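Protein chains in written order, with PDB author numbering: chain W, 1 to 154; chain H, 4 to 102, 114 to 174; chain N, 1 to 186; chain D, 10 to 29, 35 to 107, 128 to 174; chain Q, 1 to 95. Beta carbons: idealized from backbone N, C-alpha and C, even for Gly. Okay, structure first, notes after.
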Amino acid sequence: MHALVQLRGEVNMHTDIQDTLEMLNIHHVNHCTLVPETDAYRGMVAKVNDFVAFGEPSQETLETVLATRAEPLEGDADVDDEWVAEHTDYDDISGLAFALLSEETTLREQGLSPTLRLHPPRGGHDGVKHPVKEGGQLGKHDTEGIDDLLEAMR
Amino acid sequence: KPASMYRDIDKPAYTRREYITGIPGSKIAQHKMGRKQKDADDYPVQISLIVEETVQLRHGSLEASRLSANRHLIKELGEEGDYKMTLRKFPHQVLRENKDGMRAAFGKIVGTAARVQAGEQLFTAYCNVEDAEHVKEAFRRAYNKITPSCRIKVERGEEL
Amino acid sequence: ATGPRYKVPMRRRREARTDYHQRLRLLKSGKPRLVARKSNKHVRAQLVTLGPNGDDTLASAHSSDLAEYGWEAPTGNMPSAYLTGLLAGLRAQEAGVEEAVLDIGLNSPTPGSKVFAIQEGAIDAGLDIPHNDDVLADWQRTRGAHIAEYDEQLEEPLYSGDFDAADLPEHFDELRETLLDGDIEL
Amino acid sequence: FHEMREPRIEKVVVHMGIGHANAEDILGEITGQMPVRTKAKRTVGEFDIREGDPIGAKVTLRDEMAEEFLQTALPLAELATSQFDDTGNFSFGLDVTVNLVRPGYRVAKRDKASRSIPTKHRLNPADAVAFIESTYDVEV
Amino acid sequence: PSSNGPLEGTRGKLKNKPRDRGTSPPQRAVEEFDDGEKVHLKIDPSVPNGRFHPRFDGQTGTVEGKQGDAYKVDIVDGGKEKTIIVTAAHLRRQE
RNA sequence: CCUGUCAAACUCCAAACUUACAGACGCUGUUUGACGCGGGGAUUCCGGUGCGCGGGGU
RNA sequence: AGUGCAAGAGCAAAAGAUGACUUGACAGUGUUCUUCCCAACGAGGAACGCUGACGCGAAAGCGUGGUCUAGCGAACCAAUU
RNA sequence: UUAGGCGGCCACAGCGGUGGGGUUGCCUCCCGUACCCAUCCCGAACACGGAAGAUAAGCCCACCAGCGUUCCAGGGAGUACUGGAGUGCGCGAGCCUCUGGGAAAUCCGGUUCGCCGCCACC
Ligand SMILES: [Cl-]
Ligand SMILES: [Cl-]
Ligand SMILES: [Mg+2]
Ligand SMILES: [Mg+2]
Ligand SMILES: [Mg+2]
Ligand SMILES: [Mg+2]
Ligand SMILES: [Mg+2]
Ligand SMILES: [Mg+2]
Ligand SMILES: [Mg+2]
Ligand SMILES: [Mg+2]
Ligand code: NA
Ligand code: NA
Ligand code: NA
Ligand code: NA
Ligand code: NA
Ligand SMILES: [Sr+2]
Ligand SMILES: [Sr+2]
Ligand SMILES: [Sr+2]
Ligand SMILES: [Sr+2]
Ligand SMILES: [Sr+2]
Ligand SMILES: [Sr+2]
Ligand SMILES: [Sr+2]
């Protein structure tokens, strides 16, 4: 399970690439989604590679982000433990966070918006002109690297 | 005409003589020099001239550089010295010139050039240890008559 | 053989056993082929249908097994050929086969030949095969009258192993009579 | 073993390459059987522009007709060594060619499942001279 | 293109690879297909008759009946539906 | 035998990639009716730039 | 190699050569693709059917001209069946 | 299939070579022209009739890799080329990094001297 984050705008980006992002339920810069690691899903992130930031997050980080940025399929309802408890098949955020990572369910299956509308990275990101290996912020990340970004976009 | 007009590889490969006519003969006099009866393996040293950039060298430059190179070897090793130099490239690319404004602009056949990629050996001489400094000087004269910068690389010779 | 560009014929072509051009025209009918094939001593007749991994033989008949019904005569002549066809034809009728097209392979369409005899036999067995009556030998030659009258020019027996001196085309009549009979264990 | 390997005469083709005939009459009398015309291909400057047209004639002799001809044909030629084919065939002289081969040539001449004769079963110049020489004449 | 005939620019697609030269096997030229069957269209260079417009090589149609011995295959050229008359010789079952 | 070079109108080879059909996932449609069909009204048929690949031309 | 003619392609118990017979280079009417990729547009073209009448072959079968892609022309008017 | 017929794939099956196999069995070569049929000339072939002989041919069986071919391992090579991205480098032609793919020649060692289907048959 990987966490996709659009870091580059729509303008000038290839249509087929932009369409892939929209198929991955992501329509705005800074929007994040949780994607299962399948052959099909893998082809999709490879295509979006240069306009995104992805990688597998730590259970902690996922929990922090779900609490702060997850939303129901409709409304401003806070997705806290109590919410998770009364709507989801889990007892708390951790139970949910665990299932997402282990790829047992999806945010949608649980009546949650597929997208985690994140806040801009505090202290700023590493740049959208270079990949991770070159000191940039685009492409695949370390479980620690992704966390640093996701946590920065609390 | 300036080499600026033909040095870069910017046109398609144009070599098919079954479709091209009026191609001027090559000015390159010889491709085998020195003692062509002796083998290359009969020599201790083997030094090649390496083109550092991918280019198109016209038969005029090939002849001029080849000449000024072998002419030196002849002057320093005699007309029959113990050496043998080789020009391995041949001018296959046919050149044109639109010599009527831009209407019906396809040019007429004016010449030929050899397409040499970077890192390629244009010349390769074979000599004895004592004559190495002469062959290195023939190449220093030869690289001054072709478009790219060049390397003088010793392929067989730990005699230094 | 020579190089990569070389073109090696299809196997059954190299072997010179199958005329693929005639093979196609033959298959176009959609009906099974009445494969008529000879040999020096024998004569075979197969009913071949088309299959996924190769041709399917639904019913056949060889001149060798012709003796199983009372054939003390040789097995490479006209009476033999006709009878073999009739046997194969009858067996075919049993397996449901109702129509076919004569395949003669690399043999020649000579008027009165044994392949046409095989054909006349199969047709008589009840099969429906596109034919031409005047290309078939006359009833008597099928019987083996040409051989009986050849033996008439005796002075030396035509047959080595004794079947009979003057020969018997009547034996043909007897054998055909046996096959047309309703009983017969096919 | 030696039987299915000992040579025989496949055919003896008598031929007269003229160029325009009145020669058919002599071939019929000297051989015994009927003759056949000979045409040609490609235009020739030696007044031979007509492609399909009588130019020569030949007669292929087999069995008795061949030998009975050779008995009174070989004594008319001085058989040499070079006059032999690599396949063990010789031509002398009115041309007279003799085709020699071993007992199973039909394998390569038939229609059904034909096959080319293996080199080992192919007759040799030496094996040819031997067979011929061993029948009323001399070699070299 | 310099000309606009059917065989324009079909040098490669309508030529056999050397080892595939000469007359083709009769089997596939007699193969029977059923209505609804998905068939791959590819002209057999060795077979002159029963071809379709070269522009349609590579198409995977649907047999929807036959005309004489030849077949009527339905395809979708771009966005336009067309019916193609083609003999089995130039067809192959899908999968 | 050896040794030195080439191909837009060469190919014993041969991609990346584009493409037909299908299944799967994804997205989407069945009160926002998609896909498709039929009808009314257009405008438009001087384009340009970047990048990639080009063809001509110093 | 040959296969009428550009070029590219097809073809070997043939689509080539030879020989013999023959006039399917036939009448009528369609389906489809092409012409005009996608995507509307005529003449023209081709592939593939059917009806009728035939040729050849033992027969399956082949023949809607020449192995494939060029060799073509509206309305009005005239002649013609 | 102790030798057969019809095939599919159409060289992994080609080319070349070695060894082995046939009393009333098979396939053949073989023997032979009264007939059916046959040769622009030849019972050569085609066609018909037939067994005195033979396993030398073919064919079937077993096997060899020198050539051609198929596939596989390692090497060449993640090289050549390449779909996506870059306020990366270069006067420039051009190159590089990241991401996703990925050859060809050739070397070397293996593989391959056909596989499969139906019918018939000591
Ligand atoms: Cl047979
Ligand atoms: Cl079409
Ligand atoms: Mg909402
Ligand atoms: Mg700040
Ligand atoms: Mg910045
Ligand atoms: Mg092309
Ligand atoms: Mg007018
Ligand atoms: Mg008129
Ligand atoms: Mg032996
Ligand atoms: Mg710059
Ligand atoms: Na002008
Ligand atoms: Na073929
Ligand atoms: Na039309
Ligand atoms: Na004549
Ligand atoms: Na043998
Ligand atoms: Sr240019
Ligand atoms: Sr320079
Ligand atoms: Sr393209
Ligand atoms: Sr035609
Ligand atoms: Sr004989
Ligand atoms: Sr400059
Ligand atoms: Sr890979």
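Which runs of the beta strand (DSSP E) fall wholly inside the segment 4 to 56 of chain H and span at least 3 residues, in chain order?
If we require 3 residues or more, the beta strand (DSSP E) runs fully inside the segment 4 to 56 of chain H come out as 48 to 54.
For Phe153/H and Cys164/H, what's the separation of their Cα atoms in angstroms?
Cα to Cα, the separation comes out at about 9 Å.
Would you call the CB atoms of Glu64/Q and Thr87/Q closer than 9 Å?
No; because the gap between Cβ atoms is not below 9 Å, this pair is not in contact.
For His90/Q, name the three-state secondary structure that DSSP assigns.
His90/Q: helix per DSSP, three-state reduction.
Please report the residue range of the alpha helix (DSSP H) in which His146/N lies.
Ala145 to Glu152 is the span of the alpha helix (DSSP H), which, as asked, contains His146/N.
With C-beta atoms as the reference, is residue 108/D less than 9 Å away from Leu41/D?
Absent here is residue 108/D, because the residues of chain D run from 107 on to 128 with nothing modelled in between.
Between which two residues does the alpha helix (DSSP H) holding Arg140/D run?
That run of the alpha helix (DSSP H) goes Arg140 to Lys143.
Is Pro131/W helix, strand or coil by DSSP?
If DSSP states are grouped into helix, strand and coil, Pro131/W belongs with the strands.
Can you check DSSP and say which residues form a bridge with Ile123/H?
Looking at the DSSP assignment, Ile123/H forms a beta bridge with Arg99/H.
Considering only C-alpha positions, which residue in the set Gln18/W, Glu10/W, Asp19/W and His27/W is nearest to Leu118/W?
Among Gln18/W, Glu10/W, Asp19/W and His27/W, the Cα nearest to that of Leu118/W is on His27/W.
Which residues, taken in chain order from the segment 141 to 158 of chain D, show a beta carbon closer than 8 Å to some beta carbon of chain N?
Of all residues in the segment 141 to 158 of chain D, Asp145, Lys146, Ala147, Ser148 and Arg149 have a Cβ within less than 8 Å of some Cβ in chain N.
Using three-state DSSP, classify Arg149/D as helix, strand or coil.
In this structure, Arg149/D counts as coil in the three-state DSSP scheme.
Can you name the residues of chain Q whose CB is closer than 9 Å to the CB of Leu27/N?
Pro26, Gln27, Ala29 and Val30, listed in chain order.
Have a look at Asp89/W, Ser102/W, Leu7/W and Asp19/W and flag the residue whose alpha-carbon is nearest the alpha-carbon of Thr38/W.
Checking every option, the nearest Cα to that of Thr38/W belongs to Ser102/W.
Listing by chain order, which chain D residues have their CB less than 7 Å from the CB of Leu106/N?
Near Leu106/N (Cβ distances below 7 Å), the residues of chain D are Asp145 and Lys146.
With a cut-off of 9 Å, does the C-beta of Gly22/Q fall near any C-beta of chain N?
Interface residue, yes.
So, is the C-beta of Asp34/Q closer than 9 Å to a C-beta in chain N?
Taking Cβ atoms only, chain N never reaches closer than 9 Å to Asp34/Q, which makes this a no.
Can you pull the DSSP bridge partners for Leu102/N?
DSSP, once it has assigned bridges, lists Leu34/N as partnering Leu102/N.
Are the C-beta of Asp44/Q and some C-beta of chain N separated by less than 9 Å?
No, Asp44/Q does not count as interfacial toward chain N.
Is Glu68/N close to chain D? Criterion is C-beta to C-beta, closer than 9 Å.
By this cut-off, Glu68/N is not an interface position.
Counting only beta-carbon atoms, is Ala61/N nearer than 9 Å to chain D?
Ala61/N does not count as touching chain D.
Sort out for me which residues DSSP pairs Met88/H with in a bridge.
Looking at the DSSP assignment, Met88/H forms a beta bridge with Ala139/H.
Can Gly123/W be considered in contact with ligand 4, in the sense that its beta carbon sits closer than 8 Å to one or more heavy atoms?
Indeed, a heavy atom of ligand 4 lies less than 8 Å from the Cβ.
Quick one: Cα of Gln153/N to Cα of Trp139/N, how far?
Going by the C-alpha atoms only, they are around 22 Å apart.
Can you pull the chain N neighbours of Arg19/Q, defined as C-beta to C-beta under 7 Å?
The contacting residues are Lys7.
Relative to ligand 1, is the shortest distance from any of its heavy atoms to the C-beta of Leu106/N smaller than 8 Å?
Yes, ligand 1 has a heavy atom inside 8 Å of this Cβ.
Report the start-end ranges of each beta strand (DSSP E) in the segment 5 to 80 of chain N that is 3 residues or longer and not cut off at the edges.
For the segment 5 to 80 of chain N, whole beta strand (DSSP E) runs of length 3 or above, ordered along the chain, are 33 to 38, 43 to 49 and 56 to 59.
Taking DSSP as the reference, what is the three-state secondary structure of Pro36/W?
DSSP places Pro36/W in coil when its eight states are reduced to three.
So with Cβ pairs under 9 Å, would you call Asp69/Q a contact of chain N?
Yes, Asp69/Q lies at the interface with chain N (some Cβ there is under 9 Å from its Cβ).
Under the assumption that residue 202/W contacts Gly136/W (Cβ atoms under 8 Å), give the Cβ distance between them as a whole number of angstroms.
This structure does not reach residue 202/W, given that chain W is present from 1 up to 154, and the question cannot be answered.
Does the distance from the CB of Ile75/Q to the CB of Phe56/Q come in under 9 Å?
Result yes, Cβ atoms of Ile75/Q and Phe56/Q sit closer than 9 Å.
Can you name the residues of chain D whose CB is closer than 7 Å to the CB of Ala36/N?
Residues of chain D passing the Cβ test: none, with the nearest at roughly 13 Å.
Looking at the secondary structure, which residues open and close the beta strand (DSSP E) in which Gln59/W lies?
Note, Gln59/W: premise wrong, no beta strand (DSSP E); alpha helix (DSSP H) at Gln59 to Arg69.
Since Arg23/N meets chain Q, which of its residues come closer than 8 Å, beta carbon to beta carbon?
What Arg23/N touches in chain Q: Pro26.
Please confirm if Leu50/N has its CB atom under 9 Å from at least one CB of chain Q.
By this cut-off, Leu50/N is an interface position.
Is the segment 13 to 21 of chain N in contact with the segment 84 to 97 of chain N, if contact means three or more CB pairs nearer than 8 Å?
They do not touch, by the three-pair rule.
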